[PDB]
Amino acid sequence: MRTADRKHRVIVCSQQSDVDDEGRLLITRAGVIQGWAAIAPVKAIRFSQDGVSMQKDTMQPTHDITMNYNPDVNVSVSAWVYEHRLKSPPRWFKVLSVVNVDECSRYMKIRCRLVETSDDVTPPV
Amino acid sequence: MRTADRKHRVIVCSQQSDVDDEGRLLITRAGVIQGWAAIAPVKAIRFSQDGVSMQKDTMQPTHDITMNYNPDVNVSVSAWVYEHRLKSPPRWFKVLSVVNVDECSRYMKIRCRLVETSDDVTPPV
Amino acid sequence: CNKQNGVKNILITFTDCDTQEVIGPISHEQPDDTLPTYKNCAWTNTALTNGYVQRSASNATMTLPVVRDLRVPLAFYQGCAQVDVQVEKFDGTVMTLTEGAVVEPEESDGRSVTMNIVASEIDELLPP
Amino acid sequence: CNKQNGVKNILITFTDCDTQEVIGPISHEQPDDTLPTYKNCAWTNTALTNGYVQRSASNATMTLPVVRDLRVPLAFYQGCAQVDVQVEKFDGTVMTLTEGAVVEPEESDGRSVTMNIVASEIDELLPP
Amino acid sequence: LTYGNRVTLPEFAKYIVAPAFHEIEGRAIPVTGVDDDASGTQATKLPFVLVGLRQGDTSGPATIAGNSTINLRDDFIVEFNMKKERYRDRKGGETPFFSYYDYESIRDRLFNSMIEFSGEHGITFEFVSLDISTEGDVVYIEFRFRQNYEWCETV
Amino acid sequence: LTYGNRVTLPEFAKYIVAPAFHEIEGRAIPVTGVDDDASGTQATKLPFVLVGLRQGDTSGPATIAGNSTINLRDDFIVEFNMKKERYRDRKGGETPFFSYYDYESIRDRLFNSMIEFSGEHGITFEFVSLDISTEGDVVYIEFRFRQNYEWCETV
Amino acid sequence: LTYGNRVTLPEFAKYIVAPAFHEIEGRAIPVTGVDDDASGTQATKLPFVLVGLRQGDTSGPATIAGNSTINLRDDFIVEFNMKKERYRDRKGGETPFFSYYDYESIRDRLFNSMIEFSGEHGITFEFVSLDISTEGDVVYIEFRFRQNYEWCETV
Amino acid sequence: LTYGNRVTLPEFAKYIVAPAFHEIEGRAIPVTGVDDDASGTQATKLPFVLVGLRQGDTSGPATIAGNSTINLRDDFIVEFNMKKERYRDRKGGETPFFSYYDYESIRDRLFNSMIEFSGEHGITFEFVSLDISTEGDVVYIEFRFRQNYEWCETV
Amino acid sequence: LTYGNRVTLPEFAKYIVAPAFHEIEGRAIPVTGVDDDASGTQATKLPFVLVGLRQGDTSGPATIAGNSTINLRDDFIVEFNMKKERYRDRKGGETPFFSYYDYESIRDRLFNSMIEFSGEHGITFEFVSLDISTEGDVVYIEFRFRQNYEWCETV
Amino acid sequence: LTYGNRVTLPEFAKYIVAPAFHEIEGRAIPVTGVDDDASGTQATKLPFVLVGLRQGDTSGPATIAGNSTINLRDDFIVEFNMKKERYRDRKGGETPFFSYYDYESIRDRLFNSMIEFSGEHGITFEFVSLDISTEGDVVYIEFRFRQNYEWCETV
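Method of determination, as annotated in the archive: cryo-EM, at 4.5 Å resolution.

And the structure:
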């Protein structure tokens, strides 16, 4: 993939969770990586105004993310991708799996599932 | 795609619903966006005199509508597409999903379904 | 029409035959789908030969399962005080039984007793 | 609120009717889902004619299934020992029984017995 | 009301569900079947409680002979569609979409309105099952009721 | 009519359904199977009612020995094909295709015709189940009846 | 706690499982359904427990008539998400990921907590089934409890 | 005939089905299974009736000990293949292929022939079910019979 | 033979089927499962019997306590693979491959051999079901027998 | 040993299966599920035996109330993995892989080890079913056991 295809600014996030004292749980999403990436859709999306995607299986990836490989980072089962745009609301991607493209260790292919896309999401800290 | 292929004049409509005092419900369709789009069939259609389609699943899209991307509008689960022709009865489409073509944010591809096509549909307001 | 069969209200009134105290419980609740059962004719019949019959005097009986109310003692349900019961079905029928007496008490576990009440006569209301 | 029915505590005291040696009070465990059953005051009734009734003397009865305690002999359950029993349900009720006597012993297998205790009177607590 | 010993699905929706929750604006849409259309019954304001007959059957004697106390049993369901709302904290914390949703308030006051209706007209239904399931930002609360009655013919 | 203690599906259609609802222009079609051909049985105009044998069965003893009170049971289903008609309020609103459809009037008038026929000839059927489902703008209401009789032999 | 003769799933998690096993840092999560979203409920740190309603049901009589001793049954399941930890010797050996995992200590300490809570408040649960399954390096231990209660109405 | 207390398939087809309908020219073909081949069992010119065993089972005591009254039960089915004939009414009118087919005449005289055979030799069969189904211009009429007997060994 | 109150599958074969039908040249093969390998057990010449354990099970009490009359039940199936032979009647005619096949003689001779073995040794089997099916020119006749015995222990 | 009225899966494998057959060198591997992984549990040396819990259930009363004689039933299974060895009979002759395998010797001495252990500690198991199945050069001998006990809580 030509390096001009990477035209999205993403923030790869690892989530931490802690129980709320009143009885709930809270998921803190902090950024660990920020760079240029190229996204591509592999499925349509049901939006259900207020943004939350209405996918049923919650395990079929909808977007494929291509970015630069990094041998020391270990993209977990609990990684997120916060992609921010200029005049469109930000989007929260939840990773579903990674692909080491052709095992050349040049790019990672992160099968992700659109979580939602609205102007009232919590940016990462 | 070819901008000379967008040869269909459609009006994207939102669905507002409320129950009549008599006990039944009533749905109105308000026009929100008007522009040119390109439609194509991806499945055959059962007419059933009085025009209304006879698709059984009611979840497999039958037409794809491509039009100009618009970053401020959110095509929800409750969007319709009213297509008017010159010497052909008008049509009513119900959207099933949209996909941002190649995520380039230049065209929206509306995965939609034909509801009915008869000379006595209720035009938008 | 014949609106769906079933009980709606069951009122019970205990009066102890030793201290002459009275209790007006706040009506009881059916424990299951079985209904209170009734028999009004106070005269039983016996089959003689060739169509005849011996009409003798007898009682009016009533069978009522109810959940024990956790304020009135259980003894008051096992045939230990005079009871005044009133039932109301869904179709409008109301049957009242006054100054009855529980006969043949059967073992109960503490939450659902089955009363075998005997009385002189039960009146029926026959909804209009 | 009618807390869920069920038994919580069972206390039993054995006192041999020959040597007058006492054992207990010992706790005990229900063997299955069923509950102990009760009939409190000692005056049963019988159906006379025309609503009347003959009130005669009788006994307070009690039937309780329990798992045999592997330190008390089985004879103390089969009716060769006076028993004093106490039960407590979840809803707060307590039922105590003094100077009971196992009557009509039933053939058992050695780990689960259901005894028919008879006494002069059973006392209640009636959840305050 | 018609059917003095029964209540139609329109009557159920407007007299039991409507005097219930005021956040639904009487959107108890009477439908033929609960799954007759998932693309149509998903556009209304998110509450839009649905009511529809699942299957009609008998409850014992059902012969049609003019006088046999023809017994009938209608099995219908009521599907709640409630918008889930996440709890945000001002430290970068949030509650995921799979958090527990309190259906207890819903069943309680729905039963209460049903109790009041039974008291006012003498009509009772049977509760069978309660199922909950989510999808995106919507929670489906599905009760399954069953109503017994007798079909009174007309002369 | 033949089979004095019984009726055949053609007689059922022309004597119980035809003197019944008149908006069908007497279009009561007996078929082999109600789902044998859906491309041909979906061509008839708006008001057509179908009747077809689901399964032939027994009702207890069925041994064929010349004198054993040979008991029989035929399971057939009658399906109403009715067109849903939306309502318009002139303000620019409409009723969706998934709205409730009043089937009870259909069951009432169908059962009344059956009661009248039974009272006339002394032949009664058993009601089993009722299923309703829509597709496009047509609603399918499928009654499942069941009829017991004894098979008369001929010397 | 509300519902004096009952408990809700949040109270169950914070009163029976949280005072239970301490290697969970109080991560007792109530959800709608334990399998509604497997991509989100697999992100929390390794030792977390899930509690979710499987299906609401009855326990006999459930007719709602103002006085019928309305009996209810809520069927929920508790799933343990634990990390399997292989053992290593000093001669280049290892234990496979499919080796036996001691679940009995989990069931013991879980049941002890339930017994203590019942003895304190007089509320008991019924154990139905236990299922264990592994995936990767995480073992799933799913307890299926069932709770009976009577639904109290409010005037 | 062999098996004095039984009737083998060949004897059934030639003595009960053959003296039945004369439009069959005696084409009562005994097969192993009714569905052993659908491409070969559909080549016969003209209408044709098949006879084949579905499965053999027991009817209670079945031990093999020389004297235990070994009871056996053979479940076979009889498949009618009848050519449908549409009714033409010159006005440009016709009757579709999904029209009702009168199976009653078939079952009646088949039962009659079975009755006469039972009276002649004292052998009775049990009727179980009757299913009809069409395909193109052929209607399949399937009877399912069941025959009880005792297997008499030979010395 | 071992297990004086029982028989194993090799003994069963070599004592009941080999002294039975002689056109098999003693080709009665004991297999693990009759459907474990269809590519290997379809190679032996025309007339071959297979015998294979379907499932081992119990017949009531099966607790292992040293003295509990441990009851056992073995469900095994015996399958004949025989060649169907068409008949030719010089006129240029033939019989189809789906024609009826006489399984009754095979069943009779198998049961006679079993009765003889029982009367000799005091060991009986239970008959359960019989299924026949053809493929190509080979007919499959599968008898499903069942045998009860008590498991003797050794000190 | 812990659980004086029970045996854990590790104890079962090392005290009942290990003193059994010496051809497995004590390779009685306790697993979580017998089908948790077919790629990892097929690497051990051919003569190896697995033991894993299938599902835990109850045996009647199961309420958790501190004193209710909480009864439990753990359904576990033991899978034998034995290498099949063909018999060569020099003339160019061999025995195929679908030949019968003698599982009786396996069941007999396994039951004997279970009997000796029960006599030593007073713990008995229930036999439920035995199924065998082969694959290539390996035969799977699958027993399914069931053990009843009472869960004694700790003060």
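Topic: the overall build of chain E
Helix and strand counts for chain E come out as two helices and five strands. What you see in chain E, going N to C, is helices and strands ordered as α-β-β-β-α-β-β. If one aligns the C-alpha atoms of chain E with their principal axes, the spans along those axes are about 70 × 30 × 25 Å. Among the 155 residues that make up chain E, the fraction classed as buried is 63%. Across chain E, contacts joining residues at least 24 apart in sequence account for 55% of those joining residues at least 6 apart. A total of about 5,800 Å² of accessible surface is found on chain E, and carbon and sulfur atoms cover 48% of it. Each charge sign in chain E was given a centre, from 16 positive and 25 negative side chains, and these centres are 7 Å apart.

What to know about the overall build of chain A
When helices and strands are tallied, chain A shows zero helices and six strands. For a compact globule of 125 residues, the expected C-alpha radius of gyration is about 14 Å, and chain A comes in at 15 Å, within 12% of that figure. Taking the principal axes of its C-alpha atoms as reference, chain A extends roughly 50 × 30 × 30 Å. Of the contacts formed within chain A by residues at least 6 apart in sequence, a portion of 57% connects residues at least 24 apart. With the model as given, the accessible surface of chain A reaches about 6,300 Å², and the carbon-plus-sulfur share is 51%. Distance between charge centres in chain A, computed from 17 positive and 15 negative side chains, equals 10 Å.

Section: the interface of chain F and chain B
Size of an interface: often given as the accessible area lost when the parts come together. Taken residue by residue, the interface counts 21 residues in chain F and 19 residues in chain B. Between chain F and chain B lies a buried interface of about 1,600 Å² when both sides are counted; carbon and sulfur atoms form 55% of it. Where chain F meets chain B, there are three salt bridges. One salt bridge connects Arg86(F) with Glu116(B), and the closest N-O pair in it is separated by 3.0 Å. Linking chain F with chain B are six residue pairs in polar contact, by the criterion used here. A per-class count over the side of chain F that touches chain B returns seven nonpolar, seven polar and seven charged.

Topic: the state of the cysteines
Disulfide: a covalent bond formed between the sulfur atoms of two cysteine residues. Taken as a whole, this structure holds one disulfide over all chains when the rule is applied. Between the sulfur atoms of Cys80(C) and its disulfide partner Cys41(D) the distance amounts to 2.0 Å. Separated into two different chains, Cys80(C) in the loop between β6 (60-67) and β7 (82-89) and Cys41(D) in the loop between β3 (37-39) and β4 (45-47) make up a pair that spans both. Its relative accessible area of 13% is what places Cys80(C) among the buried residues. Residue class for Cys41(D) comes out buried when judged on its relative accessible area of 8%. The structure places no disulfide on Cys1(C), whose sulfur is separated from the nearest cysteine sulfur, that of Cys152(E), by 6.1 Å.

A word on the relation of the copies chain D and chain C
Mapping chain D onto chain C is achieved by rotating through 60° and translating by 0.1 Å along the same axis, at an RMSD of 0.6 Å. Expressed as an axis order, the relation between the two copies is that of a six-fold axis. Closest to the rotation axis within chain D is the C-alpha of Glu106(D), separated from it by 20 Å.

Focus on the sheet that holds strand β1 (residues 8-19) of chain B
Residue and element names in this part refer to chain B. The antiparallel closed barrel is built from six strands, whose spatial order is β1-β2-β3-β6-β5-β4. On average, adjacent strands in this sheet sit at an angle of 45° to one another, irrespective of strand direction. Relative to strand β3 (residues 63-68), strand β2 (residues 25-41) runs antiparallel, the two sharing four bridges. Bridge pairing links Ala38 to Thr66 in β3.

Thoughts on the interface of chain D and chain C
Taken together, the contact pairs 31 residues of chain D with 27 residues of chain C. Carbon and sulfur atoms make up 47% of the surface buried where chain D meets chain C, a total of about 2,200 Å² over both sides. Between the two partners, chain D and chain C, sit two salt bridges. One salt bridge connects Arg68(C) with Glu124(D), and the closest N-O pair in it is separated by 3.2 Å. For the interface between chain D and chain C, the tally reads 17 residue pairs in polar contact.

Observations concerning the sheet that holds strand β2 (residues 25-41) of chain A
Spatial ordering of the closed barrel is given by β1-β2-β3-β6-β5-β4 (chain A), a layout of six strands whose pairing is antiparallel. Adjacent strand axes in the sheet meet at a mean angle of 45° when their direction is disregarded.

Details of the pairing of β6(C)
Strand residues, when the strand is regular, have side chains that alternate between the two faces of the sheet. Residues and elements named next belong to chain C. For β6, the tally of buried residues reaches six of eight residues, placing the bulk of the element in the interior. Pairing of strand β3 (residues 37-39) with β6, which is carried by three bridges, proceeds in the antiparallel orientation. From the neighbouring strand, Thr37 faces β6, where its bridge partner is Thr63. As paired elements, β6 and strand β9 (residues 112-119) share eight bridges and run antiparallel to each other. Note on β9: the bridge partner recorded for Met62 is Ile117.

Details of the packing of aromatic side chains
We describe a pair of aromatic rings using the distance from one ring centre to the other and the angle between the two ring planes. If you walk through the whole model with that rule in mind, you get 88 aromatic pairs over all chains. Aromatic side chains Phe76(G) and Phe125(G) sit 6.3 Å apart centroid to centroid with 85° between the ring planes, which places their arrangement in the edge-to-face category. On the criterion of sequence distance, the pair formed by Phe76(G) in strand β3 (residues 71-83) and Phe125(G) in the loop between α2 (104-121) and β4 (126-135) is long-range, its members being 49 residues apart. Of the aromatic side chains, those joined through ring pairs into one cluster are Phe12(E), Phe21(E), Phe76(E), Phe80(E), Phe111(E), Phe125(E), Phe127(E), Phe143(E), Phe145(E) and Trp151(G). Directly above the ring of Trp36(A) sits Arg9(A), whose terminal nitrogen or CZ lies 5.0 Å from the centroid. Geometry around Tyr3(E) places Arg6(E) over its ring, the cationic atom sitting 3.8 Å from the centre.

Remarks on helix α1 (residues 9-17) of chain I
Where α1(I) is concerned, the buried positions are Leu9(I), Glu11(I), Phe12(I), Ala13(I), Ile16(I) and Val17(I). As for α1(I), its buried residues are in contact with β1 (28-31), β2 (48-57), β4 (71-83) and α2 (104-121) of chain I.

Focus: helix α2 (residues 104-121) of chain F
Residues and elements named next belong to chain F. Here α2 spans 26 Å end to end across 18 residues, near enough to the 26 Å set by a 1.5 Å rise per residue. Residues of α2 that are buried: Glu104, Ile106, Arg107, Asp108, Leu110, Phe111, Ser113, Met114, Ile115, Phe117 and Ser118. Just beyond α2, the residue with positive phi is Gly122, at close to 75°.

With respect to the side chain of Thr32(F)
Topologically, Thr32(F) is positioned in the loop between β1 (28-31) and β2 (48-57). By relative accessible area, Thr32(F) is classed as buried at 2%. A distance of 2.9 Å separates the side chain of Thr32(F) from the side chain of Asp36(F), its partner in a polar contact. Sequence-distant contacts of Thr32(F), defined by excluding residues within four places in its chain, comprise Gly52(F), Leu53(F), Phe98(H), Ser99(H), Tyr100(H), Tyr101(H), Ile132(H) and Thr134(H).

Considering the side chain of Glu11(J)
All names here are of chain J. When you line up the elements, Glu11 lands in helix α1 (residues 9-17). The buried charged residue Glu11 lacks any salt bridge, with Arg6 as its nearest oppositely charged partner at 7.4 Å. Apart from residues lying up to four places away in sequence, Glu11 is in contact with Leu1, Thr2, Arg6 and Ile16.

Observations regarding the pairing of β1(B)
Residues and elements named next belong to chain B. Sheet analysis places β1 next to β2, joined by 12 bridges and oriented antiparallel. Of the residues in β2, the one forming a bridge with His8 is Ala37. Taking the residues between adjacent antiparallel strands as the criterion, β1 and β2 are bridged by five residues, where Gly23 takes a positive phi near 125°. Bridge count for β1 against strand β4 (residues 79-83) is five bridges, and the pairing is antiparallel. Looking at β4, one finds that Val12 is bridged to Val81.

With respect to the environment of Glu126(H)
Mapped onto the secondary structure, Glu126(H) falls in strand β4 (residues 126-135). The spacing of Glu126(H) and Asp108(H) is 18 residues in sequence and 15 Å in space, taken between C-alpha atoms. Apart from the residues within four sequence positions on either side, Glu126(H) is in contact with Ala62(F), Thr63(F), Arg144(H), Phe145(H), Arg146(H), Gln147(H) and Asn148(H). At 2.4 Å, the side chain of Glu126(H) and the side chain of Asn148(H) are in polar contact.

Rules behind the numbers
- Residues numbered from 1 in each chain as written, not as in the entry; some residues may be left out.
- Chains lettered and ligands numbered in written order.
- Part of a larger assembly, values for the part shown.
- Heavy atoms only, no water.
- Helix = DSSP H or I, 4+ residues; strand = E, 2+ residues; numbered from the N terminus.
- Buried < 20%, exposed > 50% of the residue type's maximum accessible area, 1.4 Å probe, protein only.
- Contact = heavy atoms within 4.5 Å.
- Areas by Shrake-Rupley, 256 points an atom, 1.4 Å probe, with all protein chains shown as cover.
- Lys, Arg positive; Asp, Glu negative; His and termini not counted.
- Charge placed at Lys NZ, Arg CZ, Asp CG, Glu CD.
- Rg over C-alpha atoms; globule rule 2.2 N^0.38 Å.
- Buried area = accessible area lost by both parts, 1.4 Å probe.
- Salt bridge = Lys/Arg side-chain N within 4 Å of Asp/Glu carboxyl O.
- Polar contact = N/O pair within 3.5 Å; in protein donor to acceptor, adjacent residues only side chain to side chain.
- Nonpolar A, V, L, I, M, F, W, Y, C, P; charged D, E, K, R; others polar.
- Disulfide = S-S within 2.5 Å.
- Least-squares fit on C-alpha atoms.
- Pairing = 2+ DSSP bridges.
- Axes fitted to C-alpha atoms, helices over the stretch in contact; angles between N-to-C directions.
- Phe/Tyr/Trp six-rings, centres within 6.5 Å; stacked < 30°, edge-to-face > 60°.
- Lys NZ or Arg CZ within 6 Å of the ring centre and 35° of its normal.
- Expected span 1.5 Å × (residues − 1).

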